[PDB]
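Below is one structure, written out as structure tokens, with a few remarks after it.
Computation of the quantities below employed the complete heavy-atom set of this structure, encompassing side-chain atoms and omitting hydrogens, waters and symmetry-equivalent molecules. Order of the sequence lines fixes the chain letters, A, B, ..., with proteins taken first and strands second; residue numbering starts at 1 for each chain.
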Amino acid sequence: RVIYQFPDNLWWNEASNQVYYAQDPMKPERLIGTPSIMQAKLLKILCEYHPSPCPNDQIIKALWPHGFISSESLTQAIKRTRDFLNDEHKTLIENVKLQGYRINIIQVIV
DNA sequence: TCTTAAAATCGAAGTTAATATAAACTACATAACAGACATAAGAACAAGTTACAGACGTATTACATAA
């Protein structure tokens, strides 16, 4: 069981894959829900590289290894992924130009 | 009305390029010239302040796909 903490008391439980709000990681309070398989993919690419930024080419290759996909698809994926993780202030995942995207992780429980 | 000394005038252009002799010593004040210093003016570097450009990222809409 691997669980990741995000700012504003957010948690994501990967093994069962639930995003939620909870003061206690073992006791959820408000369940945001289940991210999609490609959404979990997106958080995977942002998560395996912390604290280093994940380059745009690497995430694009990983998400769609066999698809002719434009970078606009990656960017709208980030946007409509914020649509689900409710990061209105762009603080959960930071976009730094010509260097890629990052996700702010407070702690990891394994 | 008659001598007698002065006064004035005497062609244009053109060219032309000059000369050439004949007190010393001392005392003082002033001007000039040189060097060095201070000052004002400019050159160089670096920083700060500010808006705009350039491409990226985002947001929005419409087409396609899935139920």
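The two atoms that bring A:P28 and A:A22 nearest to each other are CA-CB, 3.5 Å, heavy atoms only. The two residues A:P35 and A:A40 have their closest heavy-atom pair at CB-N, 4.3 Å. Of all heavy-atom pairs between A:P25 and A:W11, the closest is CB-NE1, 3.2 Å. The two residues A:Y49 and A:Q58 come nearest to each other via the heavy atoms OH-OE1, 2.9 Å.
The structure places CD of A:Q18 at 7.5 Å from OG1 of A:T34, a figure rounded to the nearest 0.5 Å. The line from CG of A:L92 to CG of A:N86 is 10.0 Å long, rounded to the nearest 0.5 Å. Note: A:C54 SG to A:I60 CD1 = 10.0 Å, rounded to the nearest 0.5 Å. Atom CD of A:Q39 sits about 11.5 Å away from atom CD1 of A:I37, to the nearest 0.5 Å. A distance of 14.5 Å separates CG in A:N9 from CZ in A:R30, rounded to the nearest 0.5 Å.
Both A:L46 and A:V2 sit in one connected hydrophobic cluster of ILVMFWY residues. Membership requires side-chain heavy atoms under 4.5 Å apart, directly or through other members. Grouping the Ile, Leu, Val, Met, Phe, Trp and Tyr side chains by contacts below 4.5 angstrom, directly or via other members, places A:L43 with A:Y21.
In this structure, A:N56 contributes its side chain and A:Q99 its backbone to no donor-acceptor pair below 3.5 Å.
Inter-residue side-chain proximity for A:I45 and A:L63 is flagged as met; some heavy-atom pair is nearer than 4.5 Å. Under the 4.5 Å side-chain criterion, counting only non-hydrogen atoms from C-beta, A:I3 is in contact with A:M26. Counting heavy atoms from C-beta on, the side chains of A:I32 and A:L10 come closer than 4.5 Å.
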**Q.** Test log, rule side chain to side chain contact (heavy atoms under 4.5 Å, CB included), inputs A:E88 and A:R82
**A.** CA-CA 7 Å; A:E88 295 173 339; A:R82 235 73 73 71; over 6 Å; no

Contacts under 3.5 angstrom, residues 68-80 of chain A side chains, donor-acceptor by atom type, not counting sequence neighbours:
| unit_1 | atom_1 | unit_2 | atom_2 | d |
| --- | --- | --- | --- | --- |
| A:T75 | OG1 | A:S71 | O | 3.4 |
| A:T75 | OG1 | A:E72 | O | 2.6 |
| A:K79 | NZ | A:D83 | OD1 | 3.1 |

Please list every donor-acceptor pair under 3.5 Å in which a side-chain atom of residues 101-110 of chain A meets a protein atom from a residue at least two apart or in another chain.
| unit_1 | atom_1 | unit_2 | atom_2 | d |
| --- | --- | --- | --- | --- |
| A:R102 | NE | A:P51 | O | 3.4 |
| A:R102 | NH1 | A:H50 | ND1 | 3.4 |
| A:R102 | NH1 | A:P51 | O | 2.8 |
| A:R102 | NH2 | A:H50 | ND1 | 3.1 |
| A:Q107 | NE2 | A:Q5 | OE1 | 2.9 |

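Residues forming a side-chain contact (heavy atoms from CB on, under 4.5 Å) with A:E14 (at least two apart in sequence, or on another chain): A:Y4, A:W12, A:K44.
The number of heavy atoms from other shown groups lying within 6.0 Å of CD (A:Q23) does not exceed 12.
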